[PDB]
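**Q** Here's a structure for you.
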Amino acid sequence: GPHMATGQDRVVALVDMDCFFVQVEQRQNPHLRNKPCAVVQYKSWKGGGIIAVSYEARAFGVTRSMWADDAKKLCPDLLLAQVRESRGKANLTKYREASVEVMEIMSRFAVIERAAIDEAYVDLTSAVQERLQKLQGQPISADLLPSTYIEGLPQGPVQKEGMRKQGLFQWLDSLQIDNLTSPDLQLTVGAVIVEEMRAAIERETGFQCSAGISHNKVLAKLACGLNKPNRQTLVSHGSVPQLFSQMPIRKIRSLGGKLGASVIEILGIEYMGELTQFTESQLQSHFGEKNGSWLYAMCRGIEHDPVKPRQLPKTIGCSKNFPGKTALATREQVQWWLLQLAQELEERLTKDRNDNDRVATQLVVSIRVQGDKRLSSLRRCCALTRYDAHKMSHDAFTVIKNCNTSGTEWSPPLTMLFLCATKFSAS
DNA sequence: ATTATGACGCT
DNA sequence: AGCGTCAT
Ligand SMILES: Nc1ncnc2c1ncn2[C@H]1C[C@H](O)[C@@H](COP(=O)(O)NP(=O)(O)OP(=O)(O)O)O1
Ligand SMILES: [Mg+2]
Ligand SMILES: [Mg+2]
């Protein structure tokens, strides 16, 4: 009764850019705006691999991971923008910099956790509290929420904007606005703030985004995807039972892989809500103490993972695959590509040191061998004492050379190289 | 020949 | 420390 926590203590948003790399290229090249459009890396092999797709192109069935040549079969008028290529490899600098633009705007409103190049979590609890204190007894107008969906509404007694507004009206009509500690009210004020953040992002960058507002990161992330693009979705604690009743387990963050599959197989269920029928000890018994307790709370809409105060990446890496016949088979080849990777890594480390007052102290070198399906076949580290590309590539070769069975020749051929700078200290 | 690259858990 | 999992 009065002692069961309900996970309504926080307001958390997840903001995620709509077709991010495509919008970066469309801002730069107005000819691509409002068109079926995709971003591709490389070109020789089947026209290049697609990594981002405009919503106009998605309507034709173009998806991420598709070869551009195949995408053209689905969408003959597809426009393409190519990732910059430097030193023989794709270079993602333009998108990292555009990402920094967005994260810096978001960080004016609240502490953010950078969750990926185009998304960040926002802990709005304090901001909601402040805004409720200035704005006491003021009813919240639908005009303050022009792009907000309320998940689960309308219910009860033909066009999508009509539905959105009817749901929003039901929600606001039902609100108890003179209760400063009401969770539903807090979420609503959170959504007002997220509307403002999103307007600021679009004003100052040209980029559109979607957002989820809920009481934790998992629900905010799930909410965000419910009405992409260019919209935001509020998922309340009370909406959770119906929402989870038909929600495939795999749609919840961290359950999209083997663990989620095990939950489905061992328990013989399909939807997140079915998890409520198990005791905490049962879930721990199958999936471990940590996972069991997490699942027990998550299926009830309760999650406690904090929004970490971290706007900057914790590692700086460069990787390249060498698929099929292009696998690296000579010592010279391995060293040349280590140098290329190391030169890009140096350029990025030096900019990072000047911008963020920190220095990496460890270099992690990882490789994949022809035939091994695993992402990394071998990982080894060494000290990172100087931002010097020749030294870093030489040290990486020193740390991997004894993986070579026998040569001038390298065997088995290398299908991936990866250099990653880690363990930053302030400087 | 799904590429580049992040975060974090396990032992 | 090195490997595995999950993610965009
Ligand atoms: N598997 C992958 N490999 C490489 N780059 C990837 C990637 N997944 C994403 N990216 C890159 C390219 C993407 O532009 C960017 C953000 O990924 P999303 O947020 O998953 N997708 P987007 O923002 O494009 O569309 P939406 O509106 O549905 O959110 O990261
Ligand atoms: Mg996105
Ligand atoms: Mg994203």
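If you're wondering about the labels, chains in the structure tokens are A, B, ... by order shown, residues count from 1 in each chain, ligands from 1 in order shown.
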Within 7 Å of ligand 2 (counting only C-alpha atoms (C1' of nucleotides) and all ligand atoms), which residues show up? I'd like them as a PDB file with N, CA and C atoms, in the first residue's frame.
**A**
```pdb
ATOM      1  N   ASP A  16      16.360  12.519 -29.135  1.00  0.00           N
ATOM      2  CA  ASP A  16      17.038  11.811 -30.208  1.00  0.00           C
ATOM      3  C   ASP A  16      16.763  12.473 -31.555  1.00  0.00           C
ATOM      4  N   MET A  17      17.824  12.783 -32.286  1.00  0.00           N
ATOM      5  CA  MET A  17      17.693  13.510 -33.537  1.00  0.00           C
ATOM      6  C   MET A  17      17.010  12.645 -34.597  1.00  0.00           C
ATOM      7  N   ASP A  18      16.170  13.274 -35.411  1.00  0.00           N
ATOM      8  CA  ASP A  18      15.538  12.544 -36.501  1.00  0.00           C
ATOM      9  C   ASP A  18      16.558  12.396 -37.621  1.00  0.00           C
ATOM     10  N   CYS A  19      16.666  11.176 -38.181  1.00  0.00           N
ATOM     11  CA  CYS A  19      17.601  10.818 -39.261  1.00  0.00           C
ATOM     12  C   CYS A  19      18.846  11.722 -39.255  1.00  0.00           C
ATOM     13  N   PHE A  20      19.637  11.648 -38.173  1.00  0.00           N
ATOM     14  CA  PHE A  20      20.627  12.683 -37.841  1.00  0.00           C
ATOM     15  C   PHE A  20      21.641  12.973 -38.963  1.00  0.00           C
ATOM     16  N   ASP A 118      23.798  10.978 -31.338  1.00  0.00           N
ATOM     17  CA  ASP A 118      22.650  11.832 -31.618  1.00  0.00           C
ATOM     18  C   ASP A 118      21.575  11.759 -30.547  1.00  0.00           C
ATOM     19  N   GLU A 119      21.903  11.289 -29.351  1.00  0.00           N
ATOM     20  CA  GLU A 119      20.879  11.274 -28.317  1.00  0.00           C
ATOM     21  C   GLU A 119      21.484  11.473 -26.948  1.00  0.00           C
TER      22      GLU A 119
END
```
**Q** Looking only at strand (DSSP E) from DSSP on the backbone, list the matching residues of range 133-238 of chain A as a list in words.
**A** residues 148, 149, 150, 209, 210, 211, 212, 213, 214, 232, 233 and 234 of chain A
**Q** I'd like a table as JSON lines: residues in chain A with an atom no more than 10 Å from chain B, each row giving the shortest atom pair and its distance in Å to one decimal, only C-alpha atoms (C1' of nucleotides) counted, sorted by chain and rising residue number.
**A**
```
{"residue": "A:41", "atom": "CA", "partner": "B:3", "partner_atom": "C1'", "distance": 8.1}
{"residue": "A:42", "atom": "CA", "partner": "B:3", "partner_atom": "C1'", "distance": 9.7}
{"residue": "A:45", "atom": "CA", "partner": "B:1", "partner_atom": "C1'", "distance": 7.6}
{"residue": "A:46", "atom": "CA", "partner": "B:1", "partner_atom": "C1'", "distance": 9.2}
{"residue": "A:49", "atom": "CA", "partner": "B:3", "partner_atom": "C1'", "distance": 7.8}
{"residue": "A:50", "atom": "CA", "partner": "B:3", "partner_atom": "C1'", "distance": 9.4}
{"residue": "A:51", "atom": "CA", "partner": "B:3", "partner_atom": "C1'", "distance": 8.4}
{"residue": "A:64", "atom": "CA", "partner": "B:2", "partner_atom": "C1'", "distance": 9.0}
{"residue": "A:65", "atom": "CA", "partner": "B:2", "partner_atom": "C1'", "distance": 5.6}
{"residue": "A:66", "atom": "CA", "partner": "B:2", "partner_atom": "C1'", "distance": 8.3}
{"residue": "A:67", "atom": "CA", "partner": "B:2", "partner_atom": "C1'", "distance": 9.5}
{"residue": "A:89", "atom": "CA", "partner": "B:4", "partner_atom": "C1'", "distance": 9.8}
{"residue": "A:90", "atom": "CA", "partner": "B:4", "partner_atom": "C1'", "distance": 7.9}
{"residue": "A:91", "atom": "CA", "partner": "B:4", "partner_atom": "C1'", "distance": 8.9}
{"residue": "A:92", "atom": "CA", "partner": "B:4", "partner_atom": "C1'", "distance": 8.3}
{"residue": "A:115", "atom": "CA", "partner": "B:7", "partner_atom": "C1'", "distance": 8.4}
{"residue": "A:116", "atom": "CA", "partner": "B:6", "partner_atom": "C1'", "distance": 7.0}
{"residue": "A:117", "atom": "CA", "partner": "B:6", "partner_atom": "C1'", "distance": 8.6}
{"residue": "A:313", "atom": "CA", "partner": "B:6", "partner_atom": "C1'", "distance": 7.8}
{"residue": "A:314", "atom": "CA", "partner": "B:7", "partner_atom": "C1'", "distance": 8.6}
{"residue": "A:315", "atom": "CA", "partner": "B:6", "partner_atom": "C1'", "distance": 7.8}
{"residue": "A:316", "atom": "CA", "partner": "B:5", "partner_atom": "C1'", "distance": 8.7}
{"residue": "A:317", "atom": "CA", "partner": "B:5", "partner_atom": "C1'", "distance": 6.7}
{"residue": "A:318", "atom": "CA", "partner": "B:5", "partner_atom": "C1'", "distance": 7.3}
{"residue": "A:319", "atom": "CA", "partner": "B:4", "partner_atom": "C1'", "distance": 6.3}
{"residue": "A:320", "atom": "CA", "partner": "B:4", "partner_atom": "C1'", "distance": 7.3}
{"residue": "A:321", "atom": "CA", "partner": "B:3", "partner_atom": "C1'", "distance": 7.2}
{"residue": "A:322", "atom": "CA", "partner": "B:1", "partner_atom": "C1'", "distance": 8.8}
{"residue": "A:323", "atom": "CA", "partner": "B:1", "partner_atom": "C1'", "distance": 5.6}
{"residue": "A:324", "atom": "CA", "partner": "B:1", "partner_atom": "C1'", "distance": 6.4}
{"residue": "A:325", "atom": "CA", "partner": "B:1", "partner_atom": "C1'", "distance": 9.4}
{"residue": "A:326", "atom": "CA", "partner": "B:1", "partner_atom": "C1'", "distance": 9.8}
{"residue": "A:418", "atom": "CA", "partner": "B:5", "partner_atom": "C1'", "distance": 9.5}
{"residue": "A:420", "atom": "CA", "partner": "B:5", "partner_atom": "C1'", "distance": 9.5}
```
**Q** Pull N, CA and C atoms from the residues just selected and write them as a CSV table (one decimal), in the first residue's frame.
**A**
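Output contents, as saved in out_24.csv:
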```
chain,number,residue,atom,x,y,z
A,41,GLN,N,28.6,5.2,-46.8
A,41,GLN,CA,30.0,5.2,-46.6
A,41,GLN,C,30.6,4.2,-47.6
A,42,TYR,N,31.7,4.7,-48.3
A,42,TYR,CA,32.3,4.0,-49.4
A,42,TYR,C,31.4,3.9,-50.5
A,45,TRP,N,32.0,-0.9,-53.4
A,45,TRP,CA,31.3,-2.2,-53.2
A,45,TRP,C,29.8,-1.9,-53.1
A,46,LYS,N,29.1,-2.2,-54.2
A,46,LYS,CA,27.6,-2.2,-54.3
A,46,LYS,C,27.1,-0.8,-54.0
A,49,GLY,N,27.5,1.4,-48.3
A,49,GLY,CA,26.6,1.0,-47.3
A,49,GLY,C,25.9,2.2,-46.7
A,50,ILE,N,24.5,2.0,-46.6
A,50,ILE,CA,23.7,3.1,-46.1
A,50,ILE,C,23.7,3.1,-44.5
A,51,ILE,N,24.0,4.3,-43.9
A,51,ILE,CA,23.9,4.4,-42.5
A,51,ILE,C,22.9,5.3,-41.9
A,64,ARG,N,18.7,1.4,-43.0
A,64,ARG,CA,20.1,1.3,-42.6
A,64,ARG,C,20.6,-0.1,-42.9
A,65,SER,N,21.9,-0.2,-43.3
A,65,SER,CA,22.7,-1.4,-43.6
A,65,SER,C,22.5,-1.9,-45.0
A,66,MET,N,21.5,-1.3,-45.7
A,66,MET,CA,21.3,-1.6,-47.1
A,66,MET,C,22.4,-1.1,-48.0
A,67,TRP,N,22.8,-1.8,-49.0
A,67,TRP,CA,23.7,-1.3,-50.1
A,67,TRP,C,23.0,-0.3,-50.9
A,89,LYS,N,39.9,5.9,-45.0
A,89,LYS,CA,38.8,5.4,-44.1
A,89,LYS,C,37.7,6.5,-44.0
A,90,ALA,N,36.5,6.0,-43.7
A,90,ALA,CA,35.4,6.9,-43.3
A,90,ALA,C,35.8,7.7,-42.1
A,91,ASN,N,35.5,9.0,-42.2
A,91,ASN,CA,35.8,10.0,-41.2
A,91,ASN,C,34.5,10.7,-40.7
A,92,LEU,N,34.1,10.5,-39.5
A,92,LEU,CA,32.8,11.0,-39.0
A,92,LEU,C,32.9,12.3,-38.3
A,115,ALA,N,24.2,9.7,-24.6
A,115,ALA,CA,24.0,8.3,-24.8
A,115,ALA,C,24.4,7.7,-26.1
A,116,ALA,N,24.5,8.6,-27.1
A,116,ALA,CA,25.1,8.3,-28.4
A,116,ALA,C,25.3,9.6,-29.2
A,117,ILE,N,25.9,9.4,-30.4
A,117,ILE,CA,26.2,10.6,-31.2
A,117,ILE,C,25.0,11.5,-31.4
A,313,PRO,N,32.3,12.0,-24.6
A,313,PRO,CA,32.7,10.5,-24.7
A,313,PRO,C,33.9,10.2,-23.8
A,314,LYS,N,33.8,9.0,-23.2
A,314,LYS,CA,34.9,8.5,-22.3
A,314,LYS,C,36.1,7.8,-23.0
A,315,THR,N,35.9,7.6,-24.3
A,315,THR,CA,37.0,7.0,-25.1
A,315,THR,C,37.0,7.6,-26.5
A,316,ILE,N,38.1,7.6,-27.2
A,316,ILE,CA,38.2,8.1,-28.5
A,316,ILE,C,38.8,7.0,-29.4
A,317,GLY,N,38.1,6.5,-30.4
A,317,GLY,CA,38.5,5.3,-31.1
A,317,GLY,C,38.4,5.6,-32.6
A,318,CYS,N,39.2,4.8,-33.3
A,318,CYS,CA,39.2,4.7,-34.8
A,318,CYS,C,39.3,3.2,-35.2
A,319,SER,N,38.3,2.7,-36.0
A,319,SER,CA,38.3,1.3,-36.4
A,319,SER,C,38.1,1.3,-37.9
A,320,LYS,N,38.6,0.2,-38.6
A,320,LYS,CA,38.4,-0.1,-40.0
A,320,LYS,C,38.3,-1.6,-40.1
A,321,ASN,N,37.2,-2.1,-40.8
A,321,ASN,CA,37.1,-3.4,-41.3
A,321,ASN,C,37.8,-3.6,-42.7
A,322,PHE,N,38.3,-4.8,-42.9
A,322,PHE,CA,39.0,-5.2,-44.1
A,322,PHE,C,38.3,-6.5,-44.6
A,323,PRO,N,37.2,-6.4,-45.2
A,323,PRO,CA,36.4,-7.6,-45.5
A,323,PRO,C,36.9,-8.4,-46.7
A,324,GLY,N,36.5,-9.7,-46.8
A,324,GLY,CA,36.7,-10.6,-47.8
A,324,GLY,C,38.2,-10.6,-48.3
A,325,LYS,N,38.4,-10.3,-49.6
A,325,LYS,CA,39.8,-10.4,-50.1
A,325,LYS,C,40.6,-9.3,-49.7
A,326,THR,N,40.1,-8.2,-49.1
A,326,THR,CA,40.9,-7.1,-48.7
A,326,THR,C,41.6,-7.3,-47.4
A,418,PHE,N,41.6,-1.7,-34.8
A,418,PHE,CA,40.9,-0.7,-33.9
A,418,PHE,C,41.9,-0.2,-32.9
A,420,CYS,N,42.0,2.6,-29.7
A,420,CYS,CA,41.1,3.3,-28.8
A,420,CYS,C,41.9,3.9,-27.7
```
**Q** At a cut-off of 8 Å, which residues of chain C touch chain A? Count only C-alpha atoms (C1' of nucleotides) and give the answer as number ranges by chain.
**A** C: 2, 5-8
**Q** Can you check which residues of range 12-131 of chain A DSSP gives as helix (DSSP H, G or I) on the backbone and send them as a VMD selection string?
**A** chain A and resid 20 to 28 30 to 32 55 to 58 68 to 74 93 to 106 125 to 131
**Q** Write a file of the selected residues as a PDB file, in the first residue's frame, keeping C-alpha atoms.
**A**
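Once everything was written out, this is selection.pdb:
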```
ATOM      1  CA  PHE A  20      20.627  12.683 -37.841  1.00  0.00           C
ATOM      2  CA  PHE A  21      23.411  12.270 -40.452  1.00  0.00           C
ATOM      3  CA  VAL A  22      20.863  12.964 -43.198  1.00  0.00           C
ATOM      4  CA  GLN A  23      19.803  16.244 -41.528  1.00  0.00           C
ATOM      5  CA  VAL A  24      23.488  17.225 -41.196  1.00  0.00           C
ATOM      6  CA  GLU A  25      23.938  16.713 -44.913  1.00  0.00           C
ATOM      7  CA  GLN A  26      20.604  18.437 -45.778  1.00  0.00           C
ATOM      8  CA  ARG A  27      21.549  21.517 -43.752  1.00  0.00           C
ATOM      9  CA  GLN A  28      24.784  21.670 -45.727  1.00  0.00           C
ATOM     10  CA  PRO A  30      19.750  22.431 -49.611  1.00  0.00           C
ATOM     11  CA  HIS A  31      19.237  20.374 -52.789  1.00  0.00           C
ATOM     12  CA  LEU A  32      18.741  17.328 -50.501  1.00  0.00           C
ATOM     13  CA  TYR A  55      11.773   9.577 -43.715  1.00  0.00           C
ATOM     14  CA  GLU A  56      10.834  10.221 -47.347  1.00  0.00           C
ATOM     15  CA  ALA A  57      13.239   7.468 -48.385  1.00  0.00           C
ATOM     16  CA  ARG A  58      12.018   5.151 -45.600  1.00  0.00           C
ATOM     17  CA  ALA A  68      23.094   1.859 -52.018  1.00  0.00           C
ATOM     18  CA  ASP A  69      22.700  -0.171 -55.226  1.00  0.00           C
ATOM     19  CA  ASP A  70      19.864  -2.160 -53.624  1.00  0.00           C
ATOM     20  CA  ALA A  71      18.250   0.937 -52.130  1.00  0.00           C
ATOM     21  CA  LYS A  72      18.191   2.395 -55.631  1.00  0.00           C
ATOM     22  CA  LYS A  73      16.129  -0.641 -56.664  1.00  0.00           C
ATOM     23  CA  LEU A  74      13.523   0.307 -54.097  1.00  0.00           C
ATOM     24  CA  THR A  93      34.093  14.382 -37.763  1.00  0.00           C
ATOM     25  CA  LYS A  94      31.220  16.381 -39.325  1.00  0.00           C
ATOM     26  CA  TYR A  95      28.617  14.412 -37.373  1.00  0.00           C
ATOM     27  CA  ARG A  96      30.547  14.526 -34.065  1.00  0.00           C
ATOM     28  CA  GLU A  97      30.765  18.309 -34.397  1.00  0.00           C
ATOM     29  CA  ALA A  98      27.065  18.651 -35.243  1.00  0.00           C
ATOM     30  CA  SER A  99      26.356  16.461 -32.240  1.00  0.00           C
ATOM     31  CA  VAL A 100      28.380  18.804 -30.012  1.00  0.00           C
ATOM     32  CA  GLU A 101      26.176  21.684 -31.310  1.00  0.00           C
ATOM     33  CA  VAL A 102      23.079  19.879 -30.127  1.00  0.00           C
ATOM     34  CA  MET A 103      24.482  18.667 -26.806  1.00  0.00           C
ATOM     35  CA  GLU A 104      25.665  22.177 -25.935  1.00  0.00           C
ATOM     36  CA  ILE A 105      22.178  23.559 -26.486  1.00  0.00           C
ATOM     37  CA  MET A 106      20.609  20.779 -24.387  1.00  0.00           C
ATOM     38  CA  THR A 125      13.425  16.911 -11.870  1.00  0.00           C
ATOM     39  CA  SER A 126      15.005  20.144 -10.584  1.00  0.00           C
ATOM     40  CA  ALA A 127      13.895  22.181 -13.620  1.00  0.00           C
ATOM     41  CA  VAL A 128      10.309  20.905 -13.256  1.00  0.00           C
ATOM     42  CA  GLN A 129      10.406  21.891  -9.578  1.00  0.00           C
ATOM     43  CA  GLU A 130      11.643  25.365 -10.324  1.00  0.00           C
ATOM     44  CA  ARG A 131       9.080  25.930 -13.105  1.00  0.00           C
TER      45      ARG A 131
END
```
**Q** Would you pick out the contacts of residue 424 in chain A at 10 Å or less, using only C-alpha atoms (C1' of nucleotides), so that residues sharing its chain but fewer than 5 positions from it are not included, and give the list as a ChimeraX atom specification?
**A** /A:314-316,353,357-362
**Q** Next, the residues of the selection above should be written as a PDB file, in the first residue's frame with C-alpha atoms.
**A**
```
ATOM      1  CA  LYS A 314      34.880   8.474 -22.308  1.00  0.00           C
ATOM      2  CA  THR A 315      36.991   6.994 -25.126  1.00  0.00           C
ATOM      3  CA  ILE A 316      38.217   8.097 -28.542  1.00  0.00           C
ATOM      4  CA  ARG A 353      43.023  17.917 -25.258  1.00  0.00           C
ATOM      5  CA  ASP A 357      41.426  19.808 -20.763  1.00  0.00           C
ATOM      6  CA  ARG A 358      42.142  16.108 -20.511  1.00  0.00           C
ATOM      7  CA  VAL A 359      44.646  13.581 -21.795  1.00  0.00           C
ATOM      8  CA  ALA A 360      44.264   9.894 -22.572  1.00  0.00           C
ATOM      9  CA  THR A 361      46.729   7.610 -20.820  1.00  0.00           C
ATOM     10  CA  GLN A 362      45.997   4.141 -22.256  1.00  0.00           C
TER      11      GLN A 362
END
```
**Q** Write out as a PDB file with N, CA, C and O atoms, in the first residue's frame which residues come within 12 Å of residue 9 in chain A when counting only C-alpha atoms (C1' of nucleotides), dropping same-chain ones fewer than 6 positions away.
**A**
```pdb
ATOM      1  N   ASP A 123      17.959  14.921 -17.039  1.00  0.00           N
ATOM      2  CA  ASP A 123      17.299  14.810 -15.737  1.00  0.00           C
ATOM      3  C   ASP A 123      16.622  16.153 -15.449  1.00  0.00           C
ATOM      4  O   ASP A 123      17.284  17.137 -15.137  1.00  0.00           O
ATOM      5  N   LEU A 124      15.298  16.212 -15.599  1.00  0.00           N
ATOM      6  CA  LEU A 124      14.540  17.458 -15.500  1.00  0.00           C
ATOM      7  C   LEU A 124      13.889  17.702 -14.143  1.00  0.00           C
ATOM      8  O   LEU A 124      13.188  18.706 -13.995  1.00  0.00           O
ATOM      9  N   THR A 125      14.107  16.821 -13.162  1.00  0.00           N
ATOM     10  CA  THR A 125      13.425  16.911 -11.870  1.00  0.00           C
ATOM     11  C   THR A 125      13.540  18.305 -11.259  1.00  0.00           C
ATOM     12  O   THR A 125      12.528  18.951 -10.962  1.00  0.00           O
ATOM     13  N   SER A 126      14.773  18.798 -11.107  1.00  0.00           N
ATOM     14  CA  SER A 126      15.005  20.144 -10.584  1.00  0.00           C
ATOM     15  C   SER A 126      14.345  21.222 -11.436  1.00  0.00           C
ATOM     16  O   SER A 126      13.699  22.129 -10.897  1.00  0.00           O
ATOM     17  N   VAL A 128      11.762  20.979 -13.404  1.00  0.00           N
ATOM     18  CA  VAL A 128      10.309  20.905 -13.256  1.00  0.00           C
ATOM     19  C   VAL A 128       9.892  21.566 -11.948  1.00  0.00           C
ATOM     20  O   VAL A 128       8.902  22.304 -11.889  1.00  0.00           O
ATOM     21  N   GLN A 129      10.632  21.278 -10.885  1.00  0.00           N
ATOM     22  CA  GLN A 129      10.406  21.891  -9.578  1.00  0.00           C
ATOM     23  C   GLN A 129      10.495  23.390  -9.583  1.00  0.00           C
ATOM     24  O   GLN A 129       9.584  24.072  -9.092  1.00  0.00           O
ATOM     25  N   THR A 181       3.402  18.141  -5.927  1.00  0.00           N
ATOM     26  CA  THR A 181       4.101  16.854  -5.905  1.00  0.00           C
ATOM     27  C   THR A 181       3.419  15.792  -6.767  1.00  0.00           C
ATOM     28  O   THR A 181       3.831  14.625  -6.715  1.00  0.00           O
ATOM     29  N   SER A 182       2.375  16.146  -7.516  1.00  0.00           N
ATOM     30  CA  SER A 182       1.712  15.180  -8.407  1.00  0.00           C
ATOM     31  C   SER A 182       2.635  14.731  -9.528  1.00  0.00           C
ATOM     32  O   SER A 182       3.025  15.551 -10.363  1.00  0.00           O
ATOM     33  N   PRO A 183       2.954  13.446  -9.612  1.00  0.00           N
ATOM     34  CA  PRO A 183       3.823  12.962 -10.695  1.00  0.00           C
ATOM     35  C   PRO A 183       3.335  13.288 -12.083  1.00  0.00           C
ATOM     36  O   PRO A 183       4.154  13.610 -12.950  1.00  0.00           O
ATOM     37  N   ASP A 184       2.030  13.206 -12.330  1.00  0.00           N
ATOM     38  CA  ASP A 184       1.524  13.485 -13.667  1.00  0.00           C
ATOM     39  C   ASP A 184       1.751  14.945 -14.023  1.00  0.00           C
ATOM     40  O   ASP A 184       2.083  15.284 -15.170  1.00  0.00           O
ATOM     41  N   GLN A 186       4.182  16.816 -12.788  1.00  0.00           N
ATOM     42  CA  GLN A 186       5.615  16.962 -13.013  1.00  0.00           C
ATOM     43  C   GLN A 186       6.001  16.554 -14.426  1.00  0.00           C
ATOM     44  O   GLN A 186       6.756  17.268 -15.099  1.00  0.00           O
ATOM     45  N   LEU A 187       5.471  15.418 -14.897  1.00  0.00           N
ATOM     46  CA  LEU A 187       5.745  14.978 -16.258  1.00  0.00           C
ATOM     47  C   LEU A 187       5.249  16.003 -17.259  1.00  0.00           C
ATOM     48  O   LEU A 187       5.909  16.268 -18.266  1.00  0.00           O
ATOM     49  N   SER A 214       9.393  10.722 -19.344  1.00  0.00           N
ATOM     50  CA  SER A 214       8.803   9.767 -18.403  1.00  0.00           C
ATOM     51  C   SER A 214       9.527   9.889 -17.063  1.00  0.00           C
ATOM     52  O   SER A 214      10.115  10.934 -16.760  1.00  0.00           O
ATOM     53  N   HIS A 215       9.440   8.838 -16.237  1.00  0.00           N
ATOM     54  CA  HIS A 215      10.055   8.866 -14.916  1.00  0.00           C
ATOM     55  C   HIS A 215      11.432   8.195 -14.876  1.00  0.00           C
ATOM     56  O   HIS A 215      12.105   8.256 -13.850  1.00  0.00           O
ATOM     57  N   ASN A 216      11.889   7.602 -15.970  1.00  0.00           N
ATOM     58  CA  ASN A 216      13.191   6.958 -15.991  1.00  0.00           C
ATOM     59  C   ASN A 216      13.664   6.861 -17.435  1.00  0.00           C
ATOM     60  O   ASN A 216      12.921   7.165 -18.378  1.00  0.00           O
ATOM     61  N   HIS A 237       3.267   6.982 -15.500  1.00  0.00           N
ATOM     62  CA  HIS A 237       3.293   5.720 -14.768  1.00  0.00           C
ATOM     63  C   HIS A 237       2.005   4.924 -15.024  1.00  0.00           C
ATOM     64  O   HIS A 237       2.054   3.721 -15.331  1.00  0.00           O
ATOM     65  N   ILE A 302       9.319   0.741 -13.300  1.00  0.00           N
ATOM     66  CA  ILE A 302      10.205   1.293 -12.287  1.00  0.00           C
ATOM     67  C   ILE A 302      11.638   0.941 -12.651  1.00  0.00           C
ATOM     68  O   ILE A 302      11.960  -0.232 -12.881  1.00  0.00           O
ATOM     69  N   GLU A 303      12.487   1.956 -12.707  1.00  0.00           N
ATOM     70  CA  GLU A 303      13.898   1.786 -13.041  1.00  0.00           C
ATOM     71  C   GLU A 303      14.635   2.921 -12.345  1.00  0.00           C
ATOM     72  O   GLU A 303      14.099   4.024 -12.243  1.00  0.00           O
ATOM     73  N   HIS A 304      15.839   2.648 -11.840  1.00  0.00           N
ATOM     74  CA  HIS A 304      16.545   3.666 -11.064  1.00  0.00           C
ATOM     75  C   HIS A 304      17.865   4.126 -11.660  1.00  0.00           C
ATOM     76  O   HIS A 304      18.555   4.933 -11.023  1.00  0.00           O
ATOM     77  N   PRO A 306      20.581   6.196 -12.872  1.00  0.00           N
ATOM     78  CA  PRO A 306      20.615   7.659 -12.890  1.00  0.00           C
ATOM     79  C   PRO A 306      21.072   8.202 -14.242  1.00  0.00           C
ATOM     80  O   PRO A 306      21.786   7.547 -15.001  1.00  0.00           O
TER      81      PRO A 306
END
```
**Q** Just to confirm, what's the straight-line distance from atom 14 (O, counted along the ligand's line) of ligand 1 to CA of residue 194 in chain A in Å (one decimal)?
**A** 21.1 Å
**Q** Excluding residue 275 in chain A and any residue of its chain fewer than 6 positions from it, enumerate the residues within 8 Å of it, using only C-alpha atoms (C1' of nucleotides), and give them as a ChimeraX atom specification.
**A** /A:269,295-296,299
